[PDB]
Amino acid sequence: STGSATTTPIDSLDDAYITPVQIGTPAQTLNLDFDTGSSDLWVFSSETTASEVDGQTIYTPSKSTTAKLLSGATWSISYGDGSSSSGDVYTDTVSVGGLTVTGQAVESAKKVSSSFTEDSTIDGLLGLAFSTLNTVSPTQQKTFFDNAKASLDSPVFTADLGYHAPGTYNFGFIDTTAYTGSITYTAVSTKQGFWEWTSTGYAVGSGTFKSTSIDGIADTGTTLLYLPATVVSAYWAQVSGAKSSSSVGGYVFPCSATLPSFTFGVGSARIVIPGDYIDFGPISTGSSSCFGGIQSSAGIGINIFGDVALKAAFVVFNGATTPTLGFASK
């Protein structure tokens with residue numbers, strides 16, 4: 001089997017991407033944030049505290065003839081940005097782009113943090129990291145991809161995120177028309193439950209490529225590119241007037257600036273992020289100071305190849321017995 005679904009930016013800045021997902025019988029379609037940095041499929045629901053729902057579409061398990069309460073199961077998650085959610089668990093039929101999994105754990109939110117309430121466009125998350133990170137207790141549950149894998153034509157999914165435009169998540173096949181050149185594959189460590197890999201270096205604009213190992217995670221659920229402070233300082237030094245602002249919480253730059261590209265290495269291959277992918281617009285409405293899309297990871301504990309980086313590539317998440325990642329230009 002295969003599946004293919006369009007993923008759409010939630011706003012004009014590409015702050016996140018939403019993908020329609022069919023849950024239950026009859027189908028209830030919710031727009032979920034596909035997140036290769038986490039491993040829970042959770043949704044706003046008829047059980048979510050009413051004051052914490054503000055425009056989201058909800059899953060109502062009582063209206064699904066295939067929903068079954070997973071007795072005794074609860075979940076609770078906290079994300080790297082400080083947001084969180086928790087609740088109980090159903091199993092139900094879940095379909096993405098024509099690919100159907102029966103008995104998928106659907107984690108129904110009883111509580112969500114304010115950042116989720118305030119984002120009316122995201123109805124939940126669909127985790128695509130390794131199932132070892134799933135938070136369901138006392139019996140950990142499998143991700144959608146883990147449940148689908150054995151049925152897929154090939155045990156892979158691909159992320160093709162657009163810049164200011166829709167893109168595609170495919171399951172079970174590699175669309176050879178969706179990229180240019182070849183796909184370069186690179187080793188993955190699953191020891192932390194992430195799609196963790198080592199970039200071979202970087203360049204700023206037309207500058208020379210610096211060969212240096214940068215360990216980080218491929219994370220579709222993170223907006224920005226978080227890299228070591230040395231790398232990030234080298235980037236922003238090429239933007240007149242850019243500075244790190246403690247009050248704003250990262251590098252800002254004059255909105256009148258032209259941003260240089262940023263290149264990252266995948267083996268001997270190179271992925272070029274155009275400068276305009278690094279512009280996240282005014283820090284507040286009407287400001288002439290703009291927020292940068294490349295930020296320091298120093299306060300995180302891990303480097304994160306988020307959407308800024310991933311949207312410049314066609315990315316293969318190869319879930320074979322020994323997982324690997326592939327990157328192609330497009």
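Just so you know, the numbers here start at 1 and follow the chain as drawn.
Determined by X-ray crystallography, 1.0 Å, according to the entry header.
Cβ from N, Cα, C; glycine included.
Annotation comment: Swiss-Prot describes 17-328 as domain 'Peptidase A1', evidence class sequence analysis.
Look at Swiss-Prot and you will find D35 (among others) tagged as active site. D35 (active site): 21 other CB atoms within 10 A of its CB, across all protein chains.
The feature active site is assigned by Swiss-Prot to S199 (among others). Neighbours of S199 (active site), defined as other CB atoms within 10 A of its CB across all chains, total 22. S199 (active site) falls within a strand when secondary structure is assigned with DSSP.
Swiss-Prot lists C255-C290 with the feature disulfide bond. Under DSSP, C255 (disulfide bond) is assigned to coil, being neither helix nor strand in the three-state scheme. Within the same chain, the residues at least 6 positions away from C255 (disulfide bond) whose Cβ sits under 8 Å from its Cβ are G281, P282, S287, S288, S289, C290, listed in sequence order.
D35 (active site) sits 20 Å from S199 (active site), counting Cα to Cα.
Classification of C290 (disulfide bond) by DSSP places it within a strand. Secondary structure at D35 (active site), taken from DSSP and collapsed to helix, strand or coil, is strand.
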